[PDB]
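Before any questions on how it binds or moves, here is one chain, the form deposited in one PDB entry, in structure tokens.
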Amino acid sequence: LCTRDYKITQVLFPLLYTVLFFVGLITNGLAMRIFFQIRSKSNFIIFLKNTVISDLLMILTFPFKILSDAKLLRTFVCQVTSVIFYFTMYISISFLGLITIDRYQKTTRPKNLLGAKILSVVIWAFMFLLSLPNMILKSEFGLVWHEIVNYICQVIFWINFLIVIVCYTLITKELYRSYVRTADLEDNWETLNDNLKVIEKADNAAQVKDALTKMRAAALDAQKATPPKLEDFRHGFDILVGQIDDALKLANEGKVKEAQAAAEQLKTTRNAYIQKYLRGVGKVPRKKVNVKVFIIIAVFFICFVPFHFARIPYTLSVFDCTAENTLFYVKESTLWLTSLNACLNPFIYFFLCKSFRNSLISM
């Protein structure tokens, strides 16, 4: 009824999948060799470990899709392996949500290794006995069971998608907050030093009065942003603000030359000592690695987001062959992106697991 370019149907796609199959077998190959030469000492390494599996279960369905699509009984093994694939994909999606959570929790931190394995087994089993009826199969109980599983699967995606949205939203708000705090504090000090130069090269009392005002404000801002350390990180600020206040008085009284020299006293060795110490106390770096953590949301968005997003228009809202062909391609390519996950998961192991990257540095 409807015809498409076999250059794309029987060639491009089978090759695209062939790429994925190899690229995916090698990376997940040496991955599994690394992962069972690492003791499972946390939630994370454990969820990662399950990912290696569901990835190899994914790769091992590619050939049957490759040979079928390139036109090489022959049709029932297609229904089974595709079930195994769909099983595989929603497992990947489930663990990715857990990995998200697990990673999000370690970014709100300066009983497990046993419940983690159990939750894993729940994941698999609940997918398996949801994948069983589809490959168990006239009897029209099953083609309404398709609307059952298809429904479950939408919920599985959307819940884990929400998880991802929330966790990365909380991680983004925190990393932003952390950035602005440090950016401002650096600003504070930079203003202090900048308005001293202004003072140094100033004529009137108005120039001195203004720069000192900015300095006073910046200093007090710095002090606010720098609570004392639990171990003279409060008395120091009193000295610096003191000098600034003194210089301000001199500048208000009219004596600009004295003002400038009172200002200059921040350049004494002791005052600069104090400054360097107060600058020191201020910087306390402890933020989650940027392009390292976001890899997950990335992989999730590349692989799983499109297949589900693209469905909602033309699942919730035609005879012509271009529209039915547009749909074929959209579905088929999004499903390719889905499969790409088995190749993008090794990246998560690399960019986020210390021990993994070590074996990978070696073997």
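The numbering used is simple: start at 1 and walk along the sequence shown. In this text, the rigid core denotes the largest set of C-alpha atoms whose superposition between the two forms falls within 1.5 Å.
In the record comparison, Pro110 is unmodelled in at least a third of the other entries of this protein that model the residues flanking it. For the cut-off of one third of the other compared entries, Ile91 stays well clear, since all of them model it along with its flanks.
Unmodelled residues of the deposited sequence between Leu72 and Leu73: 4 to 9. A summary of the deposited B-factors shows that, of 305-313 and 330-338, the stretch with the larger mean C-alpha value is 305-313. Mean C-alpha B-factor is higher over 278-286 than over the other stretch, the pair under comparison being 161-169 and 278-286. Among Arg181, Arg270, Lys209, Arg109, the highest C-alpha B-factor in the deposited entry belongs to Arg109. Based on the entry's C-alpha B-factors, the most elevated value among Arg177, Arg216, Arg103, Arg234 belongs to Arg234. Sorting the modelled residues of the chain by their CA temperature factor places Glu258 in the highest third. Among the modelled residues of its chain, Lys138 has a C-alpha B-factor that falls in the highest third according to the deposited record. When the CA B factors of the chain's modelled residues are split into thirds, the value for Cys153 lands in the middle one. Per-chain ranking of the deposited C-alpha B factor places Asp238 in the lowest third.
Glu186 sits in the middle third of its chain by CA B factor, as recorded in the PDB entry.
The same protein also exists as the form deposited in another entry; that form is not shown, yet it is the one meant from here on.
Core-superposed comparison between this form and the one not shown: among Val256, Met127, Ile156, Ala116, the single residue whose C-alpha moves by 2 Å or more is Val256. A displacement of 2 angstroms or greater separates the C-alpha positions of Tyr329 between this form and the one not shown, with the rigid core held in common. Core-superposed comparison between this form and the one not shown: the C-alpha position of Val144 differs by less than 2 Å. A movement of the C-alpha atom of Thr226 reaching 2 angstroms or beyond is seen between this form and the one not shown when the two forms are aligned on their rigid core.
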